[PDB]
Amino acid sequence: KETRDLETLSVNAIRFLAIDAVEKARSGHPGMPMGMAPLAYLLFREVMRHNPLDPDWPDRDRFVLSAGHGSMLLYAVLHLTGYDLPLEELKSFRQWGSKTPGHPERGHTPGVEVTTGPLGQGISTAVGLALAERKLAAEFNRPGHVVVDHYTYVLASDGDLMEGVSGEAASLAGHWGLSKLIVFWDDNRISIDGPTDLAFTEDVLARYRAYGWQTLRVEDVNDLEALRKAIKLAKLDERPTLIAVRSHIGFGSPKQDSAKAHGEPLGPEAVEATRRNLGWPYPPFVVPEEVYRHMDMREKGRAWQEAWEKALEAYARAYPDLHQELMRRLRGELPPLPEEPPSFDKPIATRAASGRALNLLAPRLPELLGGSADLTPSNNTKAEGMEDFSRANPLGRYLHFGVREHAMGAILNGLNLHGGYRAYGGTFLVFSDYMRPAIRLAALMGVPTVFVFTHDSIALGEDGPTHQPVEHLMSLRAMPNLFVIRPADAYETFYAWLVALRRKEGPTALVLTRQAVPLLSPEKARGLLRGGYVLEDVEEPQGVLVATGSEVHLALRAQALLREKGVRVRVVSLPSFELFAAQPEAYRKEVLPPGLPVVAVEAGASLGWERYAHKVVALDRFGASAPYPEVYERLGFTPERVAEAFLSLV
């Protein structure tokens, strides 16, 4: 009973820290933390190896709160187990500048592994984390030197499992046989709209079994022995595991089993009743020293990490080259990058130039993983020397995501979050729309995921308007902390990859053609490193043609038509708006002189071009199913129209 009592006291400490933090904030989600407190207790106190003094310990188990609304469950248990998350931060839940935002933010709170809140993201990203652990173990573990060994745990809600992305990621995790991915589903039969049976009556565990997962059930979350057994059963199984855990949202309160418990403070009445019902004599934010002593993980964390560091030292002696490579990759340190582009001797699509740059870069980047959402021969993402990842071949650095852009985005993010890898994946730019929430989450977390987008324009031709981007470029450019690089040619494409790989602050979208475009000079194209540059200057510029990607070549042909009529314009290549705006004002003004009329050319929406141009040759309608170059010309992309647009300003 004193074991039981201390378990029950510690669990209620989790419940009441969450209840009282929501109440003081008058904002947040007390209901799921109230139900799931026992699981958070069990993971952080007994099951997981982790170090509250070093949240970045590379061999820690990873916990993902996919059900991010339940943030106070995680803050309470970080606080109680000795992470640097003081009580004062729990009393500033949801307040400006606090380490306790409404939804978990990786980088803002120690021990937060993934930014969650958008449902389906945590559970999907966790497939990446587990795939990262599996592949790094395969790469580095040696007989008697187990240097990579950790689990990926997830707490997911009904919402997570309704989102298509979680089903895409689950199909892949099962295909991949990721045995160390263990997901707990809070089966509490309640969602925001009320009872789940308004919208959600599928056989969830039957679906997960169809994906090749193990399913287990725990009939009462409050029964710690039933949770321990299910977890031990999960660790013996070669399949990823979903454990259905029945709970009562708002457990112990008069809002128990109600959607009203989901998303608003309990109120003083229901807080007083929960106190009485659960036998909690402690006032707000007071937890007795007994629980803190019981929950302190600082000493077990120190000992776990020290045992790992001692295992690393024996590794460094038995295998110094492996050890040095592991430490370099775990630190996120790139090796020296080539400064010389590949050799091009004829026109080539920027997708193929991209495949050529990867052939150069991959052999010198063992951390570099590639893939495609079933567009491998269309995206040029499988570098020479890369082989397919599979259960049978855990060392392959190439991932077949299938027709799953969204889960591809989430898995790339998890691969990039874990440490050890740098991952890119490919699809068509139009199908960036299938993965937007994963692109935004990489931007929010500052995760340098590289998104490769081919078939960037109407120039892709016959596949027609459902495949032809229009709004895509400006829709991505508007997103904070996303570089969008649209190389004009094979040479720009090489510099675009160096920019993307060296950018650690957030994601990069690489935007590439299907159709072949001419070469530029390798010396001129290095200007991509400044985001925008003068490609072809003239004496006493009367104006500027500014262009991106494929349209730079249209711009150069228009520069010749104007030069034949005695009008002198320079051509600026603007491969990246973001990298150009980061340049000194003096540089930006040298490139685009104040007072000179400017025409922009880009086969995409015009909205945003007024930032740089007085007139734009752009596409503000959907495309057409026709061959290139006819479709391009008849939708207005001719050098005669760029010229005419320039002559209208002078």
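Counting begins at 1, following the sequence as shown.
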Which is higher on average in the deposited entry, the C-alpha temperature factors of 591 to 599 or of 621 to 629? 591 to 599
Would 138 to 146 or 428 to 436 have the larger average of its C-alpha temperature factors, as given in the entry? 138 to 146
Residue with highest C-alpha B-factor in the PDB entry, from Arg94, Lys504, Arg514, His294: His294
Looking at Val127, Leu161, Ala423, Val567, which has the highest CA B-factor as recorded? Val567
Relative to the other modelled residues in the chain, which third contains the C-alpha temperature factor of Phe453: lowest, middle or highest? lowest
Place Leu53 in the lowest, middle or highest third of its chain's C-alpha B-factors, as listed in the PDB entry. highest
For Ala586, return the chain-relative third of its C-alpha B-factor as stated in the PDB record: lowest, middle or highest. highest
Which third, lowest, middle or highest, does the CA B-factor of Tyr151 fall in along this chain? middle
Check where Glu405 lands among this chain's C-alpha B-factors and tell me if it's the lowest, middle or highest third. lowest
